[PDB]
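Below you'll find the structure, written out as C-alpha cells, and then a few comments.
For reference, chains read A, B, C, D and E in written order, and residue numbers begin at 1 within each chain.
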Amino acid sequence: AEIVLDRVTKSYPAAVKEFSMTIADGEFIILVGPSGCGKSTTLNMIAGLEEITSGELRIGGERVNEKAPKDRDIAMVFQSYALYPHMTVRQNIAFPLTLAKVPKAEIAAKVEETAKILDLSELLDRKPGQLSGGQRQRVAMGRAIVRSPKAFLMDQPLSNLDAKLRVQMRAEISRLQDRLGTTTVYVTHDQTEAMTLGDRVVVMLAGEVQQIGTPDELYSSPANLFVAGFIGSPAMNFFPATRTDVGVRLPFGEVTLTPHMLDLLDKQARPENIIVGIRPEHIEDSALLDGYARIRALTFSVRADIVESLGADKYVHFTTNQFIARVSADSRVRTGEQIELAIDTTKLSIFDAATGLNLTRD
Amino acid sequence: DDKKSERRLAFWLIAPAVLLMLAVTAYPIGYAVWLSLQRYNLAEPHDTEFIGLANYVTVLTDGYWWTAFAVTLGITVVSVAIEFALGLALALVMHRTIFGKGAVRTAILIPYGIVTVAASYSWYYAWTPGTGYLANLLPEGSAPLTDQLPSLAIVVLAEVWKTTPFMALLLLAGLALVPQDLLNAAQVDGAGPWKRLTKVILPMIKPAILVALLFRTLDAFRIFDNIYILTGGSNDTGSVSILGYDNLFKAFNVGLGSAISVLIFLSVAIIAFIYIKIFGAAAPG
Amino acid sequence: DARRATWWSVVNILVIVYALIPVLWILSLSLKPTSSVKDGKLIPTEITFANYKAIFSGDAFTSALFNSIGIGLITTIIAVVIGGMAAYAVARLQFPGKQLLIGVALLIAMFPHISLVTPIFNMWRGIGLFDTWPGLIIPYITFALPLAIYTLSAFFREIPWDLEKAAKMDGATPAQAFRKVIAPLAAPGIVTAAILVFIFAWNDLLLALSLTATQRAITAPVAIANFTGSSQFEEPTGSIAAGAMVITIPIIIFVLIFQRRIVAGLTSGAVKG
Amino acid sequence: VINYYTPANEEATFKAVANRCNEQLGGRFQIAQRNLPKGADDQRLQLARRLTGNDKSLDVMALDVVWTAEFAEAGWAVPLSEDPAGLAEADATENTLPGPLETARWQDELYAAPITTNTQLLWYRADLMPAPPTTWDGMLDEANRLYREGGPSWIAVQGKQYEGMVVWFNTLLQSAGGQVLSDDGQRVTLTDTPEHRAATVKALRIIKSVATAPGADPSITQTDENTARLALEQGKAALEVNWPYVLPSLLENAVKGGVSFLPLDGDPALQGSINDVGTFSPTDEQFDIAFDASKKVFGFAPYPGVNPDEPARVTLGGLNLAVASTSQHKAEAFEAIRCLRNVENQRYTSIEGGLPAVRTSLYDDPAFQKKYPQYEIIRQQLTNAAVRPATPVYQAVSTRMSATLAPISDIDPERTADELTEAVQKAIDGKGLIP
Amino acid sequence: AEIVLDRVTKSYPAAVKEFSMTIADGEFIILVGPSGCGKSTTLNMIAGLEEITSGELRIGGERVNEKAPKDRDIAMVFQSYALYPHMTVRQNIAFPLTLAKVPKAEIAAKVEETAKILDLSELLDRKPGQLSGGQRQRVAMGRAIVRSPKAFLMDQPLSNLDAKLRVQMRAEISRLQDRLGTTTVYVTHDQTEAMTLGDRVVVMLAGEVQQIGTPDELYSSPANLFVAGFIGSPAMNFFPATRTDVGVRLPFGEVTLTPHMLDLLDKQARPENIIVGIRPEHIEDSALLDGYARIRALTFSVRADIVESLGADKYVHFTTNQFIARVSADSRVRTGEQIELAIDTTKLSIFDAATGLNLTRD
C-alpha cells in the first residue's frame, strides 16, 4: 500500500535523518547513496526490524510500527543471504510459501517455475554451501520472488552476476512486477539499473535525502551539486567560473553562450564564485563536425595524456585539475595532445558552493 | 606437505588424552570382564575356577532383574523425554532474557550443584505424612512413598528437578551459535515464535542435543542415588544399579556383580549406538 | 514497552521459584534446632545456628572443604586443557577422529563405576600415592574426559569454515588459529565444558569414598556423608542437608563468574554476498 | 601402633580410650584409631578389600556383632586359642554376660571379644497406661482399646525394608522356640518340624495385625527406627520399642519445645545456658529434675513377649573387637586388646559414652546406675538374649528374608512361611540373585 | 613469481576441467565469465585450498601443488568477507601484521595509512558486526592490501560500492600494484573494470578458457563467438546472413562489401549459416553523414517501439529478433514508426555456426 515514511529516524550510541516522503502503490523506488548512508538500514526499518526512534511510519492508512515483522506481508532479499544451510535449495525456495497455503499440488509447480525463471531448474538438488555466489544470490532472490507478497523489498538483490544474466534479471524483475504485487523499494548503486527500472528514484546521503525525481530529471536537472556529480559514473567534471552572466568563465577561457537560459538567472544574487558543471558525455572531438553545423563549438581541450581505452569509446584525462572527457572509438589519439575537443555550450549545470540549487529548470 | 603435516600434529595432539584414558582404565575393564569369565567370591578367595557364562545365564533367567530393568528403562524413557521438553523452555528463558544477567542464569544452575545425598534426603523428608512442607498438603494419612506408582512419580520428579540444569545448559550454549540473520529471515518470511522453532533454530543445534541426549540417558539409566536414599527397594522399585550394588558390595559376589555391570554396559551401549545412528551428523562425522 | 516487560517479569519468577523452593527447604532444614526438624512448616520458627558451629568444630570440615576447593580447580583446568586437544584434533582435523578413539571415549564414561572401584583400589595400594590428590585426581580426569570431549568436539566444528580459511591465508601457525581465531568464537563452548567437569568432580562420592583415607585428601562430598550427631543409626540433619548450604557457595561464585562468557550472537562473518 | 579401626559413629570415646591405654599406660607401644566410614556395610566392604590385598597393616579391628565369625570363616580375624600362650580365651570369657559371649563364638571357640552390647526394650507413655502389656497379642490389644483417641493408637515399631525388619522379626521368631537356620551353619530349621512351624505363623500374624491394626495406618510400611523414636516424642504414640538411647535423647530434646506433651519448658538453670551443640553435663542436678519430671509419662518394661510370661529373648547388637590375620606380628595386638576392654576403658565407654558396655558385674554398682536407670532390665535382657541367626554368610540372607517381608501390609500369615523358608534356603545354598 | 598452471582439473560430480596458462611477474590476469563457470575455485586452487584432482601447479623453480597454503605468502579476498567478528577493525586490519613481524611503532602507522587510503579513518575502531556491507568489503580488502606480500588474489574486491568511490578505489589499486605486486588475479564482472585495470583478461565458461588476449584484442577482435556475446555488455549478434561475396545480403539489405579484408573472409569458405555480429555502439540514427562522410550505409528504416533513456545515450530495441542499438541523445525518438538506422560497415567481424570461431583477424 501507500507506505508513507513521515519523519523517520534511527539512532546509535545518527544513522538516518528525517526521511519525510511517501511511496505510492505500484510504482518503484530506488535508493542510492555512496557508502553507509542509511540505506540498508532504511529497508531494515521499513520492515519489522530496527525499531524506529522518531516515531512515525504508516504502511497504508494504518499506523504499523513496533509490530511483528510477520504481520506486514513484506518480502526481502538482504545484502547478505540467509540461505538456511540445513535445507536444500528446493526447501529454501519453498520455505516462505509452505508456511502459507499448504497444498503440495502447488509448490511442485511453483518452486519449478520460479527456478526456471532465475535459470536454476537444473540445480534443485544441492544445498547451500555447495553453491557459488552467483547462485546463492539467485536463490535468496527467489525466496522473495516466490512469495507474491504485498510489498517487495530487495536490498542489493543482484550484486555479483555476469552481464547477460544481469540484463535478463533486470528484464524478468520488472516483467514480473508489472502484473501486480508491490510498491517495491529497490536498492542498488549501479547507475544503469536506477535508470532503466525505477519509476521514481531517490538519492540520499548520511540519512538526509537530496532528490526524489525521475531517472531523467536527475541526469538532466540535478539539484544540490552532489547528485549532480554522483550519478553518471564518469562523474560530471567541475570547472571554476566567475559571475559574468553573459560570458561566464572557463579555467582557460571566458567566452560562453546560451542566453536562452539566463531569463531566470536574471534574478540571482548568488556569490560570484560559480561552478560550471560540464558533463563529459556532452563533449566531442572537434575533428568530427566542429561540434555542430556551426563551426564554433569552443575548441578548448589541449592537455591530455592519460587516454584510457575502455573499448567502445575512450576517456581522455582532461587537464587545463583532474578532469575527464569521453571521445569516440575511432578517435585517432594515443597519448597525444592533438585532441582539441568541442564542448556543447547549450546545456551545462551552472552551480555554486553555498546552496547548489542552481537547477533552474522547469 | 599437508597430509603428513596434519596427522603428525594430530597424533601428538591426542597422545595425552587417550594415553591417560588407557593408563588407568584398560586394566580395570579387563579385570571387570575377567571376574565375569569365572565365579568369584571375596568371602572365600582362590576357592573358584573358570565357569563360563553361568553368571549371565542365571541373571537372565530370574525375575528379580527384569523387574529392576523394566523400572530403570521405564524411568529413563520418561525422565529424559520430559527433561528435554522442559530444558528447551528453560534455555529459551535463560537466553532471550533482559534481566537474566546472573539473576536467573545462575539460579537455574545452583539446583545442579547440590550434592546428591543432601538433595535426596531433602525429598525424602519432604514427602512423609506428618513431616514435610508439602506432604501435609495431601489429604489425611496419604503417605505416597509406601505404594509403587506415587513412589515412581516422586523418584522421577527428584530427577527432573535435579538434572534440568544439565540439559538446560547445553541447549543454551549450543543455541548461542545460531546466527542472527537466519532467525531474522525466518521472522520476516512469515514464521511465528513456534514455527521458527523446529524449522530454523532446532535443526541447527541438532549436534548440540546429541550431547544433552546422550550424556543424560546414560546417568539417568544407572540411577542409584535418588532411588536408594529415597525408598531403596520398597515394593519392587529398585533400579538396575541398586541390583548391581547389592550383589557386589554388600554380598561379596564379585563373579556376579561384574556380570550384572557388563550386562548394563552392553544395554546402554546399544542405546548409544542407536542415538549416534539416528542423528546422522554427530561428533566424528 | 510494558507489554514484553510483564510477561518477562512473571516468567522470570515462575522459574526462580520452581528451581529454588527445594534449595529453600534445604535451608529451612539447616536453620532449625534439633527438636522441630520434623513439623513441616517450610518457614522455620525458632531459628538457630547450632548446626553450622557444629559442623565447624576445629579441624573437621575445613580440611575436607579445602581438599575439594583445591582439587576441583585443578581437575577442571587439566580436563579442559588436555581434554580440548583431542577435541580440536577430532573436529578440525581429518584422520585421528576415527571410529576407534571415539568408540573408546564413548565406552569409557558409560561403564559402571561400581565394579571398577576395587581394581583401582588394589592398584593404587602398592603403585604409588593412594590417599592424596594425584591418586584421586587421575580417576576424576579419566572419567570426566569423555564429557569434555563430546562437549568440545560438537562446538569446535560449528565455527564457519571461511574463518578457518582466512586464518590460514594470513600465515597463522595452528598454535595461533587456536589462540586468536577459533577460541574466542567458541567461548560459549568452553565455559559449558569447564562447568560440567567442575560439577561432576565436585560432588561425586563413588570414588573418593573408598580411595581416600585421612585428612590428606578427604573431599567434602564424602566427609559430609559420614557424620555422627549423637547415635549410630541416625541422620544428623543438622550436619547433612546443612553442609550442602556451605558446599554450594563455590558452585555459586563459579557459575556467577563463568556465565559472562556465554554472550549472545557473536559472529557476523557470513556469506554477505 | 596397633591402629584399631572403629566406626565413625562412636569414635571420640574410642579415641579417648585409645589414649588412656597408650599414653596413660606404660610406654610399651602406642595405639590409634584410623576410623572407617559409617555406612555400616561400607565398613565391611572396606575391610574386605583391605584384607584381601594382604596389606601388612590393620592389626586389630572393630567388627559388628552380626559378623560373628563368618567374617573370619576363611581366616580373616584370627581366633583366640591361637594366642602366643597368652590369656586370650582365659580373659575374653573369664566372666562376661552370657549373651555377648555367644555373638563372638563361631562354632566351638571365640574369634573376637565383645566391647559394646545393646538390647531393645519397650518404651511406653506412662501418662495414660498403668498396665504395660507383656504379650504381643495383648500389646496390640491395648492399642485397639486405646483407638478411642486419634493418634495414641499409633503403634511405633521399626519395620522398614532393611535390617530393622529382620532384627524385629527374629525377636518374635525366637520368642517361641526355633532357630532360622539351625544350631549350626548348614540347614534351615524354620519349618522342618511342626514344633518349629507352630511359632513362625503366629509371629507373622502378630507382625501383620500390628501393621493392619484398627489404629495403625500407612507410613508403617516405610518406617525405620527414627520414626519409631520420633512418634513418641511428637505426642502420637503410646508403645514403641527402641534401643536404650531414647531416654537421653528425650531428656536432652524435650527442653527445646519438641516435647511429648509434658511441659518441660526448661528450668532457668539450664535455660540460663546457651550450651553448644551438645546439651549434656548440667552438673547432674538439672538432669535429676528433668528425669523426675519425665518420670510420670515415660515408662519402660522388659520386652513384650509372645509366650505366657516367657520373656521375649531380645536380639542383641553392639560391637566386638578382633585381631586380624593380616599382621605378621600379633602378640602386641593380643596384649593391647585386653587393655582396650579392661575395667576403666569399659567403664568410661558407657559412663560417658553411648554404647552400653559389658563386664562381669559392672551393671550392679552405684558407679554405673547414675546414667542408665534401665540397668535392672538391661542386665537381664543380656542373659537370655537370642542372637541374630548364626550363619556362614549374613549380608545375603537378611536382604532376602526382609525382601520376602518387604510389603509388610498383607503378609497373610499362614501362606508366606513356605516362601520365606525357600528364600532363606536359596540364600544359604548359594543359588539365585539377591533382590 | 611465475605461476604456471597446467591442466588443473577439479570436479566432484563438475568444476574447472582444463586450465593451462602462465602468469609472469607484474601483469594482472583478470578472470571474468558467467555465474557458475569457475573463478572462485580457480583462485582457491591457486591458493592451495580445495586440493586439485589432476593438475600440476607451479610457482617459480618448483612445483607447489601440495604444499601447505600457509607456506606460499599469498594474500586473498573472498567472495564472502570472512571477517573476524570480535576483533575491532583496527586489529582486524593489523592481523596479518601481527603474525610474522610485530614492531608496534610500525604496525600503528601502517594500518593508519591503510585506513586513510580506503576511506575508513572514521569507522576505524569498531567491530565488524556493527559495520555496513560496503565497509565490511573495504575492511576485507584492507586486511589484504597492507601486507607487501609475494602475490595477490582478489575475488570481486569491490562488489557493493558506489561508482564514485569505486573509481577512486580502482585507481588506487592500480597505483598499489604499480608499486609492486605479482600475479594480481582479479575476478570481476563489471565490464568497465575489466578493461582499465587488467593488462590481460581470461574469459571462461564452464571451466574451459576462451581467450587470454589483451583487453583490446578481445573487444576489437573476439574469438569463439562467445567472448563477443559476453564482453561489450549490450552486445548483439542475432543477425543471420547469406554470403554472396559481391552482393551478400542481410535481414535488411546490402551491408558487407569490404574488400580490404574480404580476402581472408572468402578464404574461410565455410558453411552458409554465417553470422555478421554487428555491435550496438556502431548502429546510429540518421544524423551523421553515413558510410564515412557519405551516404548509402543502409539506413535500416526500422519499425520497433522500445526506447531506454538512461542518461544522454539512449538504447533503442529493434526487431523488424530483440536487437539493440545505441543512439545519441539528440535524436528525439519515441515508441512509434521511427528512425532509419544506419550501420557503419567497417567493424563487422562476421561469425559462422557449427564451429563458432570465425576470428577473421590474423
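Throughout what follows, a residue touches a chain if its C-beta (ideal position, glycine included) is under 8 Å from a C-beta of that chain, and two chains touch if they have at least 3 such contacts.
These are the chains along with the protein names UniProt gives them: A, E = Trehalose import ATP-binding protein SugC; B = ABC sugar transporter, permease component; C = ABC transporter, permease protein SugB; D = Bacterial extracellular solute-binding protein.
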Pair of chains joined by more contacts [C-beta pairs], A-C or C-E: C-E
Chain centre separation (chain A, chain B; CA means) in Å: 61
Distance between the centres, which are taken as Cα means, of chain C and chain B, whole angstrom: 15
Mean-CA-position distance for chain D and chain B (Å): 39
Interface hub residues of chain D, defined as touching at least two other chains: 42, 45, 49, 52, 234
Residues of chain B touching at least two other chains: 128, 130, 181, 249
Set of chain C residues in contact with two or more other chains: 38, 118, 225, 235, 266-268, 270-273
Complete list of chain pairs which touch one another: A-B, A-C, A-E, B-C, B-D, B-E, C-D, C-E
Complex interface listing, chain E residues touching chain A: 32-36, 40, 79-80, 119, 123, 131-135, 138, 156, 159-167, 189, 191-192, 195-196, 215-216, 219-220, 229-234, 279, 281, 288, 308-313, 329
Complex interface listing, chain D residues touching chain B: 41-42, 44-45, 48-49, 52, 70, 73-74, 161, 217-219, 221-222, 234, 236, 393, 395-396, 399, 403, 406-407, 409, 432-435
Chain A residues touching chain B - in the complex, by the definition given at the top: 47-49, 68-70, 73-76, 78, 80, 82, 84-86, 95-96, 99-100, 143, 147
For the chain B and chain C complex, residues of the former touching the latter: 6-7, 9-11, 13-14, 16-18, 20-22, 24-25, 27-29, 31-32, 35, 90, 93, 95, 97-100, 102-119, 121-123, 125-126, 128, 130-133, 135-136, 161, 164-166, 169-170, 172-174, 176-181, 207-208, 210-211, 214-215, 218, 222, 241, 244-245, 248-249, 254, 257-258, 261, 264-265, 268-269, 272, 283-284
In the complex, chain B residues that touch chain E: 1-2, 5
